[PDB]
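Visitor: CSV, N, CA and C atoms, file coords.csv:
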```
chain,number,residue,atom,x,y,z
A,6,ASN,N,-12.4,-0.7,-18.8
A,6,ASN,CA,-12.6,0.5,-19.7
A,6,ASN,C,-11.3,0.8,-20.4
A,7,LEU,N,-11.3,0.6,-21.7
A,7,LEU,CA,-10.1,0.7,-22.6
A,7,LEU,C,-9.6,2.1,-23.0
A,8,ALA,N,-10.5,2.9,-23.7
A,8,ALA,CA,-10.2,4.2,-24.2
A,8,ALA,C,-10.1,5.5,-23.3
A,9,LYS,N,-9.9,6.6,-24.0
A,9,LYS,CA,-9.8,7.9,-23.3
A,9,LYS,C,-11.2,8.4,-22.8
A,10,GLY,N,-11.6,7.8,-21.7
A,10,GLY,CA,-12.8,8.2,-21.0
A,10,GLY,C,-12.8,7.7,-19.6
A,11,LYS,N,-12.0,8.3,-18.8
A,11,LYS,CA,-11.8,7.9,-17.4
A,11,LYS,C,-12.6,8.8,-16.4
A,12,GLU,N,-12.3,8.6,-15.1
A,12,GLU,CA,-12.9,9.3,-14.1
A,12,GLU,C,-14.3,8.8,-13.6
A,13,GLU,N,-14.9,7.8,-14.2
A,13,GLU,CA,-16.1,7.3,-13.8
A,13,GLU,C,-16.0,6.1,-12.8
A,14,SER,N,-14.7,5.8,-12.4
A,14,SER,CA,-14.5,4.7,-11.5
A,14,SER,C,-14.0,5.1,-10.1
A,15,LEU,N,-13.2,4.3,-9.5
A,15,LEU,CA,-12.7,4.5,-8.1
A,15,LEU,C,-11.4,5.3,-8.1
A,16,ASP,N,-10.9,5.7,-9.3
A,16,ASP,CA,-9.6,6.4,-9.4
A,16,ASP,C,-9.7,7.6,-8.4
A,17,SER,N,-8.5,8.0,-7.9
A,17,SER,CA,-8.5,9.1,-6.9
A,17,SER,C,-9.2,10.4,-7.2
A,18,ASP,N,-9.8,11.0,-6.2
A,18,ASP,CA,-10.5,12.3,-6.3
A,18,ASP,C,-9.5,13.4,-6.0
A,19,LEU,N,-8.3,13.0,-5.6
A,19,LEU,CA,-7.2,14.0,-5.2
A,19,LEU,C,-6.1,14.1,-6.3
A,20,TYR,N,-5.8,15.3,-6.7
A,20,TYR,CA,-4.8,15.5,-7.7
A,20,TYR,C,-3.4,15.0,-7.1
A,21,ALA,N,-3.2,15.2,-5.9
A,21,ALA,CA,-1.9,14.8,-5.3
A,21,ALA,C,-1.8,13.3,-5.1
A,22,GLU,N,-2.8,12.5,-5.4
A,22,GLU,CA,-2.8,11.1,-5.3
A,22,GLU,C,-3.2,10.4,-6.6
A,23,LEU,N,-3.2,11.1,-7.7
A,23,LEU,CA,-3.6,10.5,-8.9
A,23,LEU,C,-2.7,9.3,-9.4
A,24,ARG,N,-1.5,9.3,-9.0
A,24,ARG,CA,-0.6,8.1,-9.4
A,24,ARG,C,-0.3,7.1,-8.3
A,25,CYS,N,-1.0,7.3,-7.2
A,25,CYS,CA,-0.8,6.3,-6.1
A,25,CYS,C,-1.3,5.0,-6.6
A,26,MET,N,-0.7,3.9,-6.1
A,26,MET,CA,-1.0,2.6,-6.5
A,26,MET,C,-2.1,2.0,-5.6
A,27,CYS,N,-2.2,2.4,-4.4
A,27,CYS,CA,-3.1,1.9,-3.4
A,27,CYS,C,-4.4,2.7,-3.2
A,28,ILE,N,-5.6,2.0,-3.3
A,28,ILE,CA,-6.9,2.7,-3.1
A,28,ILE,C,-7.1,2.9,-1.6
A,29,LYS,N,-6.7,1.8,-0.9
A,29,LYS,CA,-6.8,1.8,0.6
A,29,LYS,C,-5.9,0.7,1.1
A,30,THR,N,-5.9,0.6,2.5
A,30,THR,CA,-5.1,-0.4,3.1
A,30,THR,C,-5.8,-1.5,3.9
A,31,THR,N,-5.1,-2.5,4.3
A,31,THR,CA,-5.6,-3.7,5.0
A,31,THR,C,-5.1,-3.7,6.4
A,32,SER,N,-6.0,-4.0,7.4
A,32,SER,CA,-5.6,-4.2,8.8
A,32,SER,C,-5.6,-5.6,9.2
A,33,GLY,N,-5.1,-5.9,10.4
A,33,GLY,CA,-5.2,-7.3,10.9
A,33,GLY,C,-4.2,-8.3,10.2
A,34,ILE,N,-3.2,-7.8,9.5
A,34,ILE,CA,-2.3,-8.7,8.9
A,34,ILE,C,-1.2,-9.1,9.9
A,35,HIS,N,-0.8,-10.3,9.8
A,35,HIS,CA,0.2,-10.8,10.7
A,35,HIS,C,1.6,-11.0,10.0
A,36,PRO,N,2.6,-10.5,10.7
A,36,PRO,CA,4.0,-10.5,10.1
A,36,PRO,C,4.3,-11.9,9.5
A,37,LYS,N,3.8,-12.9,10.1
A,37,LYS,CA,4.0,-14.3,9.6
A,37,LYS,C,3.5,-14.5,8.2
A,38,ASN,N,2.4,-13.8,7.8
A,38,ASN,CA,1.8,-14.0,6.5
A,38,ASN,C,2.5,-13.3,5.4
A,39,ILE,N,3.4,-12.3,5.8
A,39,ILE,CA,4.1,-11.5,4.9
A,39,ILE,C,5.4,-12.2,4.3
A,40,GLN,N,5.5,-12.3,3.0
A,40,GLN,CA,6.7,-12.9,2.4
A,40,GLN,C,7.7,-11.8,2.1
A,41,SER,N,7.2,-10.6,1.6
A,41,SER,CA,8.0,-9.5,1.3
A,41,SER,C,7.2,-8.3,1.3
A,42,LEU,N,7.8,-7.1,1.4
A,42,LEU,CA,7.0,-5.9,1.3
A,42,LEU,C,7.9,-4.8,0.7
A,43,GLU,N,7.2,-3.9,0.0
A,43,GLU,CA,7.9,-2.8,-0.6
A,43,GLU,C,7.4,-1.5,-0.1
A,44,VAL,N,8.4,-0.6,0.3
A,44,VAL,CA,8.1,0.7,0.8
A,44,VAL,C,8.4,1.7,-0.3
A,45,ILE,N,7.4,2.4,-0.8
A,45,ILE,CA,7.7,3.4,-1.9
A,45,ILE,C,7.5,4.8,-1.3
A,46,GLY,N,8.6,5.6,-1.6
A,46,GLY,CA,8.5,7.0,-1.1
A,46,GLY,C,7.5,7.8,-1.9
A,47,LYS,N,7.2,9.0,-1.5
A,47,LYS,CA,6.3,9.9,-2.2
A,47,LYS,C,6.8,10.2,-3.6
A,48,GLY,N,5.9,10.3,-4.5
A,48,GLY,CA,6.3,10.6,-5.9
A,48,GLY,C,5.6,11.8,-6.4
A,49,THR,N,5.8,12.2,-7.7
A,49,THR,CA,5.2,13.4,-8.2
A,49,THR,C,3.7,13.4,-8.1
A,50,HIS,N,3.0,12.4,-8.4
A,50,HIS,CA,1.5,12.4,-8.3
A,50,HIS,C,1.0,11.4,-7.2
A,51,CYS,N,1.8,11.2,-6.2
A,51,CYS,CA,1.4,10.4,-5.1
A,51,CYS,C,2.1,10.9,-3.8
A,52,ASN,N,1.5,11.8,-3.1
A,52,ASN,CA,2.1,12.4,-1.9
A,52,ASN,C,1.9,11.5,-0.7
A,53,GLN,N,1.8,10.2,-0.9
A,53,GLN,CA,1.7,9.3,0.2
A,53,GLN,C,2.8,8.2,0.1
A,54,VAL,N,3.3,7.8,1.2
A,54,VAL,CA,4.3,6.7,1.2
A,54,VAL,C,3.4,5.5,1.1
A,55,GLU,N,3.8,4.5,0.2
A,55,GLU,CA,3.0,3.3,0.1
A,55,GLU,C,3.8,2.1,0.5
A,56,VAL,N,3.1,1.1,1.1
A,56,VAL,CA,3.6,-0.1,1.6
A,56,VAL,C,2.8,-1.3,1.0
A,57,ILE,N,3.4,-1.9,0.0
A,57,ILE,CA,2.7,-3.0,-0.7
A,57,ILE,C,3.3,-4.4,-0.2
A,58,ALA,N,2.6,-5.1,0.6
A,58,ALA,CA,3.0,-6.4,1.1
A,58,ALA,C,2.6,-7.6,0.3
A,59,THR,N,3.5,-8.5,0.0
A,59,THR,CA,3.1,-9.7,-0.7
A,59,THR,C,3.1,-10.8,0.3
A,60,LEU,N,1.9,-11.4,0.4
A,60,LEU,CA,1.7,-12.5,1.4
A,60,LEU,C,2.3,-13.8,0.9
A,61,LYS,N,2.5,-14.8,1.8
A,61,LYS,CA,3.0,-16.1,1.4
A,61,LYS,C,2.1,-16.8,0.4
A,62,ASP,N,0.8,-16.5,0.4
A,62,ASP,CA,-0.1,-17.1,-0.5
A,62,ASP,C,-0.3,-16.3,-1.8
A,63,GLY,N,0.6,-15.3,-2.0
A,63,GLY,CA,0.5,-14.5,-3.2
A,63,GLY,C,-0.4,-13.2,-3.2
A,64,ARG,N,-1.2,-13.1,-2.1
A,64,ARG,CA,-2.1,-12.0,-2.0
A,64,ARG,C,-1.3,-10.7,-1.8
A,65,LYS,N,-1.7,-9.6,-2.5
A,65,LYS,CA,-1.0,-8.4,-2.4
A,65,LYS,C,-1.9,-7.3,-1.7
A,66,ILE,N,-1.5,-6.7,-0.6
A,66,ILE,CA,-2.3,-5.7,0.1
A,66,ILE,C,-1.4,-4.5,0.4
A,67,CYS,N,-2.0,-3.4,0.7
A,67,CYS,CA,-1.3,-2.2,1.0
A,67,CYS,C,-1.4,-2.1,2.6
A,68,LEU,N,-0.4,-1.5,3.2
A,68,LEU,CA,-0.4,-1.4,4.6
A,68,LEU,C,-0.3,0.1,5.0
A,69,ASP,N,-0.8,0.5,6.1
A,69,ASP,CA,-0.8,1.9,6.5
A,69,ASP,C,0.6,2.3,7.1
A,70,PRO,N,1.3,3.1,6.3
A,70,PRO,CA,2.7,3.5,6.7
A,70,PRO,C,2.7,4.2,8.1
A,71,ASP,N,1.6,5.0,8.4
A,71,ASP,CA,1.5,5.7,9.6
A,71,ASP,C,1.0,5.0,10.8
A,72,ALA,N,0.5,3.7,10.6
A,72,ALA,CA,-0.1,2.9,11.7
A,72,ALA,C,1.0,2.4,12.6
A,73,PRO,N,1.1,2.8,13.8
A,73,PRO,CA,2.2,2.4,14.7
A,73,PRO,C,2.3,0.8,14.7
A,74,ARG,N,1.2,0.2,14.4
A,74,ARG,CA,1.1,-1.3,14.3
A,74,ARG,C,1.9,-1.8,13.1
A,75,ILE,N,1.8,-1.0,11.9
A,75,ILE,CA,2.6,-1.4,10.7
A,75,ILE,C,4.0,-1.1,10.9
A,76,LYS,N,4.4,0.0,11.5
A,76,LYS,CA,5.8,0.3,11.7
A,76,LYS,C,6.4,-0.8,12.6
A,77,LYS,N,5.6,-1.4,13.5
A,77,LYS,CA,6.1,-2.4,14.3
A,77,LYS,C,6.2,-3.7,13.5
A,78,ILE,N,5.3,-4.0,12.6
A,78,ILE,CA,5.3,-5.1,11.8
A,78,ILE,C,6.6,-5.1,10.9
A,79,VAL,N,6.9,-4.0,10.3
A,79,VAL,CA,8.0,-3.8,9.4
A,79,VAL,C,9.3,-4.0,10.3
A,80,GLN,N,9.3,-3.5,11.5
A,80,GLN,CA,10.4,-3.7,12.4
A,80,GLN,C,10.6,-5.2,12.6
A,81,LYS,N,9.5,-5.9,12.9
A,81,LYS,CA,9.6,-7.3,13.1
A,81,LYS,C,10.2,-8.0,11.9
A,82,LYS,N,9.7,-7.8,10.7
A,82,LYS,CA,10.2,-8.4,9.5
A,82,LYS,C,11.7,-8.2,9.4
A,83,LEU,N,12.1,-7.0,9.7
A,83,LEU,CA,13.6,-6.6,9.6
A,83,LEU,C,14.5,-7.5,10.5
A,84,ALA,N,14.0,-7.8,11.6
A,84,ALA,CA,14.7,-8.6,12.6
A,84,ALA,C,14.8,-10.1,12.1
A,85,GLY,N,15.8,-10.8,12.4
A,85,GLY,CA,15.9,-12.2,11.9
A,85,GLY,C,17.3,-12.8,12.2
A,86,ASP,N,17.8,-12.5,13.4
A,86,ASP,CA,19.1,-13.1,13.8
A,86,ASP,C,18.8,-14.4,14.6
```
What's the structure tokens form of this structure?
Guide:
Amino acid sequence: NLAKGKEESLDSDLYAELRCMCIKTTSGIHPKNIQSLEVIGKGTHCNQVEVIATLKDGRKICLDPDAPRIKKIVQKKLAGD
């Protein structure tokens, strides 16, 4: 949909999340599949921290910042001695 006629799609129902990049998140991802990830802090129209992971095969998914499982996965990725 090209022109000035939005709101008929999956775009956010929440004013505070109008500019968030993620619609939802993916579970069951393994640290080994992750090539890199970006942690984005809260912004003007996105009151949620977002975690966008790029998998080794190029797939991009969002991860739940609050999932103890995800916090562990990020910790795992950070380690590498």
Visitor: Have a look at atom CA of residue 59 of chain A and atom CA of residue 42 of chain A and let me know their distance in Å, one decimal.
Guide: 5.8 Å
Visitor: Which residues, written as a PyMOL selection string, have at least one atom at most 6 Å from residue 50 of chain A, with only N, CA and C atoms counted and residues fewer than 4 positions away on the same chain left out?
Guide: chain A and resi 20-25
Visitor: Using only N, CA and C atoms, can you list as a ChimeraX atom specification the residues within 8 Å of (-3.2, -5.7, 8.4)?
Guide: /A:30-36,67-69,74-75
Visitor: Counting only N, CA and C atoms, which residues come within 6.5 Å of (7.3, -10.4, 2.2), with the point read in the file's coordinates, and could you list them as a compact mmCIF listing (two decimals) with N, CA and C atoms, keeping the file's coordinate frame?
Guide:
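part33.txt was written with the following content:
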```txt
# COMPACT_ATOMS: atom_id res chain seq x y z
N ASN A 38 2.40 -13.80 7.80
CA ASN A 38 1.80 -14.00 6.50
C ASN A 38 2.50 -13.30 5.40
N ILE A 39 3.40 -12.30 5.80
CA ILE A 39 4.10 -11.50 4.90
C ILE A 39 5.40 -12.20 4.30
N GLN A 40 5.50 -12.30 3.00
CA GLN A 40 6.70 -12.90 2.40
C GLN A 40 7.70 -11.80 2.10
N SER A 41 7.20 -10.60 1.60
CA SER A 41 8.00 -9.50 1.30
C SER A 41 7.20 -8.30 1.30
N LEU A 42 7.80 -7.10 1.40
CA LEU A 42 7.00 -5.90 1.30
C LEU A 42 7.90 -4.80 0.70
N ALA A 58 2.60 -5.10 0.60
CA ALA A 58 3.00 -6.40 1.10
C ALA A 58 2.60 -7.60 0.30
N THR A 59 3.50 -8.50 0.00
CA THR A 59 3.10 -9.70 -0.70
C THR A 59 3.10 -10.80 0.30
N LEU A 60 1.90 -11.40 0.40
CA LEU A 60 1.70 -12.50 1.40
C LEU A 60 2.30 -13.80 0.90
```
Visitor: For a quick check of understanding, using only C-alpha atoms, which of A:70, A:7, A:63, A:86 has the smallest distance to residue 46 of chain A?
Guide: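 Closest candidate: A:70.
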Visitor: Just how far from atom C of residue 47 of chain A is atom C of residue 10 of chain A, in Å to one decimal?
Guide: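 Here the two named atoms are 25.4 Å from each other.
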Visitor: To test your reading of the structure, identify every residue in chain A that backbone DSSP assigns to helix (DSSP H, G or I), and report it as number ranges by chain.
Guide: A: 20-22, 36-38, 73-83
Visitor: Quick one: pull the distance between atom C of residue 19 of chain A and atom CA of residue 48 of chain A, Å, one decimal.
Guide: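 Going from atom C of residue 19 of chain A over to atom CA of residue 48 of chain A covers 12.9 Å.
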Visitor: Enumerate as a PDB file with N, CA and C atoms, in the frame of the given file all residues of chain A assigned to strand (DSSP E) by DSSP on the backbone, naming them with the chain letters and numbers the document uses.
Guide:
```pdb
ATOM      1  N   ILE A  39       3.400 -12.300   5.800  1.00  0.00           N
ATOM      2  CA  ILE A  39       4.100 -11.500   4.900  1.00  0.00           C
ATOM      3  C   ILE A  39       5.400 -12.200   4.300  1.00  0.00           C
ATOM      4  N   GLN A  40       5.500 -12.300   3.000  1.00  0.00           N
ATOM      5  CA  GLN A  40       6.700 -12.900   2.400  1.00  0.00           C
ATOM      6  C   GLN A  40       7.700 -11.800   2.100  1.00  0.00           C
ATOM      7  N   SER A  41       7.200 -10.600   1.600  1.00  0.00           N
ATOM      8  CA  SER A  41       8.000  -9.500   1.300  1.00  0.00           C
ATOM      9  C   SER A  41       7.200  -8.300   1.300  1.00  0.00           C
ATOM     10  N   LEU A  42       7.800  -7.100   1.400  1.00  0.00           N
ATOM     11  CA  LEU A  42       7.000  -5.900   1.300  1.00  0.00           C
ATOM     12  C   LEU A  42       7.900  -4.800   0.700  1.00  0.00           C
ATOM     13  N   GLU A  43       7.200  -3.900   0.000  1.00  0.00           N
ATOM     14  CA  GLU A  43       7.900  -2.800  -0.600  1.00  0.00           C
ATOM     15  C   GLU A  43       7.400  -1.500  -0.100  1.00  0.00           C
ATOM     16  N   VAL A  44       8.400  -0.600   0.300  1.00  0.00           N
ATOM     17  CA  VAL A  44       8.100   0.700   0.800  1.00  0.00           C
ATOM     18  C   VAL A  44       8.400   1.700  -0.300  1.00  0.00           C
ATOM     19  N   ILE A  45       7.400   2.400  -0.800  1.00  0.00           N
ATOM     20  CA  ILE A  45       7.700   3.400  -1.900  1.00  0.00           C
ATOM     21  C   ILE A  45       7.500   4.800  -1.300  1.00  0.00           C
ATOM     22  N   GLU A  55       3.800   4.500   0.200  1.00  0.00           N
ATOM     23  CA  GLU A  55       3.000   3.300   0.100  1.00  0.00           C
ATOM     24  C   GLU A  55       3.800   2.100   0.500  1.00  0.00           C
ATOM     25  N   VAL A  56       3.100   1.100   1.100  1.00  0.00           N
ATOM     26  CA  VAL A  56       3.600  -0.100   1.600  1.00  0.00           C
ATOM     27  C   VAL A  56       2.800  -1.300   1.000  1.00  0.00           C
ATOM     28  N   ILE A  57       3.400  -1.900   0.000  1.00  0.00           N
ATOM     29  CA  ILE A  57       2.700  -3.000  -0.700  1.00  0.00           C
ATOM     30  C   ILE A  57       3.300  -4.400  -0.200  1.00  0.00           C
ATOM     31  N   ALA A  58       2.600  -5.100   0.600  1.00  0.00           N
ATOM     32  CA  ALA A  58       3.000  -6.400   1.100  1.00  0.00           C
ATOM     33  C   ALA A  58       2.600  -7.600   0.300  1.00  0.00           C
ATOM     34  N   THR A  59       3.500  -8.500   0.000  1.00  0.00           N
ATOM     35  CA  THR A  59       3.100  -9.700  -0.700  1.00  0.00           C
ATOM     36  C   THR A  59       3.100 -10.800   0.300  1.00  0.00           C
ATOM     37  N   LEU A  60       1.900 -11.400   0.400  1.00  0.00           N
ATOM     38  CA  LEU A  60       1.700 -12.500   1.400  1.00  0.00           C
ATOM     39  C   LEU A  60       2.300 -13.800   0.900  1.00  0.00           C
ATOM     40  N   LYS A  65      -1.700  -9.600  -2.500  1.00  0.00           N
ATOM     41  CA  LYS A  65      -1.000  -8.400  -2.400  1.00  0.00           C
ATOM     42  C   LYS A  65      -1.900  -7.300  -1.700  1.00  0.00           C
ATOM     43  N   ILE A  66      -1.500  -6.700  -0.600  1.00  0.00           N
ATOM     44  CA  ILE A  66      -2.300  -5.700   0.100  1.00  0.00           C
ATOM     45  C   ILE A  66      -1.400  -4.500   0.400  1.00  0.00           C
ATOM     46  N   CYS A  67      -2.000  -3.400   0.700  1.00  0.00           N
ATOM     47  CA  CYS A  67      -1.300  -2.200   1.000  1.00  0.00           C
ATOM     48  C   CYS A  67      -1.400  -2.100   2.600  1.00  0.00           C
ATOM     49  N   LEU A  68      -0.400  -1.500   3.200  1.00  0.00           N
ATOM     50  CA  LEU A  68      -0.400  -1.400   4.600  1.00  0.00           C
ATOM     51  C   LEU A  68      -0.300   0.100   5.000  1.00  0.00           C
TER      52      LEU A  68
END
```
